[PDB]
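What follows is a short report on a single structure.
Values below: every heavy atom of this structure, side chains too, minus hydrogens, waters and symmetry copies. Lettering of chains follows the sequences in order, A, B, ..., and the numbering in each one begins at 1.
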There are 2 protein chains.
Amino acid sequence: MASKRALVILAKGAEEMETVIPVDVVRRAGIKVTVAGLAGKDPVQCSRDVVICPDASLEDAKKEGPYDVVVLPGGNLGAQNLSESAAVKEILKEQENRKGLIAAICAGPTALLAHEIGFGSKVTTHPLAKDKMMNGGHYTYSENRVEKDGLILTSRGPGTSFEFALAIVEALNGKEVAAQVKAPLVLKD
Amino acid sequence: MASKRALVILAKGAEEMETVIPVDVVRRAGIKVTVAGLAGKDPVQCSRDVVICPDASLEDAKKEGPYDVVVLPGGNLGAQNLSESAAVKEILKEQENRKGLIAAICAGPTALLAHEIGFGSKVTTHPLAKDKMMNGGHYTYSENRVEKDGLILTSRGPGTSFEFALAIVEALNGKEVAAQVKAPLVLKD
């Protein structure tokens with residue numbers, strides 16, 4: 001059938017590596033990615049001052065769902081902005097309700113906590129975000145570089161972003177497509 | 001003294017992972033990075049359609065040199081644009097003449113060939129860019145993930161971008177700073 005679709009939610013203070021790596025690798029898989037700006041259509045200042053122009057506002061992108069995966073980058077301030085957003089809450093609850101994949105990296109998974117998403121799952125985060133994520137004991141913590149418990153797919157940091165992205169590709173399109181996308185990247189794996 | 005400075009030259013068709021990873025990691029080292037747009041000040045459409053807004057035009061950024069490192073991302077079309085640019089030629093020749101570091105990744109090193117930079121050095125590239133780089137036998141080819149022969153620092157692909165970036169940090173600011181920057185990244189190394 002038609003190609004699958006990914007929504008990447010881009011907020012001020014996002015970790016730009018954790019944004020670009022998944023966008024790029026998921027597009028290499030032939031999956032249609034929408035980089036959606038939380039605040040609107042305007043360019044977004046990431047944590048290390050890379051400025052990325054989103055494909056659409058979140059307001060507009062939401063209308064074009066549903067998506068096969070919703071992706072939440074990290075960066076402490078980006079994740080905080082995701083956590084505070086009513087629009088993000090709605091999107092994640094819809095995705096959960098419809099049994100769609102949700103993928104979050106670094107501080108990103110803390111937005112799952114904020115929005116009460118995926119309780120009872122095994123999750124990982126950046127080491128520095130563990131205490132925030134674990135407040136209340138609603139998840140079981142993992143130190144795996146990528147963790148996947150059903151439809152909740154989490155990962156740890158900039159340096160796990162390729163593994164994270166490839167896990168999203170594998171979850172959507174299978175092992176063989178992921179292996180094919182992986183090879184030209186020159187990963188040490 | 002004052003902090004060191006890096007120039008990252010951003011052309012249409014650049015590999016956005018190979019652009020953002022070095023920018024971010026070098027900024028984590030406290031080094032001042034200028035993302036300079038080859039074509040001007042306008043946003044740049046990268047190879048996988050991430051759009052990045054440069055900090056300055058190359059025309060303007062050149063004026064603010066010299067730089068402790070000049071960084072050339074890859075992406076086949078980005079590298080081709082770098083290779084065709086008289087402005088890039090001038091910058092690289094100046095940097096070479098002044099015994100400053102030049103760092104290039106993936107297809108990026110092929111711009112060194114185009115501009116006659118660093119002949120007689122050991123270099124690596126993306127596997128698919130080897131034949132282009134080696135036309136004429138002006139360099140000695142390496143399969144190391146990062147290669148450094150004096151002031152010519154090369155690397156292979158998206159999946160070597162962290163190693164590449166950290167090697168730039170080490171070359172400028174030393175092993176200890178590089179190790180400090182590395183740890184929070186959650187690299188498998």
Side-chain angles (χ1 to χ4, degrees), chain A residues 8 10 14-29 32-35 42-55 74-75 105-106 124-129 143 145-146 155-166 181-189, chain B residues 8 10 14-29 32-35 42-55 74-75 105-106 124-129 143 145-146 155-166 181-189:
Chain A
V8 176
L10 175 57
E15 223 301 324
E16 42 269 75
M17 300 184 284
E18 300 171 9
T19 304
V20 172
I21 296 159
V23 169
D24 179 327
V25 170
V26 173
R27 285 180 173 150
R28 287 169 177 257
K32 297 171 70 161
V33 180
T34 302
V35 179
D42 293 339
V44 180
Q45 188 188 353
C46 294
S47 70
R48 273 69 183 176
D49 284 347
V50 175
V51 174
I52 295 175
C53 300
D55 300 320
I105 183 162
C106 188
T124 195
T125 69
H126 193 279
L128 298 167
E143 294 169 49
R145 289 173 61 81
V146 178
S155 190
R156 309 204 77 181
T160 69
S161 295
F162 287 96
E163 292 153 83
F164 173 69
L166 290 165
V181 168
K182 182 180 186 183
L185 302 176
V186 201
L187 287 160
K188 187 170 169 190
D189 287 273
Chain B
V8 176
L10 175 57
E15 223 301 324
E16 42 269 75
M17 300 184 284
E18 300 171 9
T19 304
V20 172
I21 296 159
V23 169
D24 179 327
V25 170
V26 173
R27 285 180 173 150
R28 287 169 177 257
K32 297 171 70 161
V33 180
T34 302
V35 179
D42 293 339
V44 180
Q45 188 188 353
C46 294
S47 70
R48 273 69 183 176
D49 284 347
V50 175
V51 174
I52 295 175
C53 300
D55 300 320
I105 183 162
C106 188
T124 195
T125 69
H126 193 279
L128 298 167
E143 294 169 49
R145 289 173 61 81
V146 178
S155 190
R156 309 204 77 181
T160 69
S161 295
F162 287 96
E163 292 153 83
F164 173 69
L166 290 165
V181 168
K182 182 180 186 183
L185 302 176
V186 201
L187 287 160
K188 187 170 169 190
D189 287 273

Identify which of A:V33, A:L128, A:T19, A:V50 forms the greatest number of heavy-atom pairs closer than 4.5 Å to chain B.
A:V50
Before accepting this row, confirm whether a basic side-chain N of the pair A:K182/A:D189 lies closer than 4.0 Å to the acidic partner's carboxylate O.
yes
Applying a strict 4.5 Å limit to non-hydrogen atoms, the region of B:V23 in contact with chain A is side chain
Donor-acceptor pair, B:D55 side chain versus B:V35 backbone, under 3.5 Å?
yes
Minimum side-chain heavy-atom gap B:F162-A:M17 below 4.5 Å:
yes
Scored by heavy-atom pairs under 4.5 Å with chain A, the best of B:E163, B:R145, B:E15, B:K188 is B:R145
Highest number of heavy-atom pairs under 4.5 Å with chain A: which of B:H126, B:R28, B:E16, B:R156?
B:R28
Which answer fits B:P127, side chain, backbone, both or neither, if we ask what part of it has an atom under 4.5 Å from a heavy atom of chain A?
side chain
Mind checking whether B:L166 and B:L187 have side chains closer than 4.5 Å, heavy atoms only?
yes
Is there side-chain contact between A:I52 and A:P43, with heavy atoms separated by less than 4.5 Å?
no
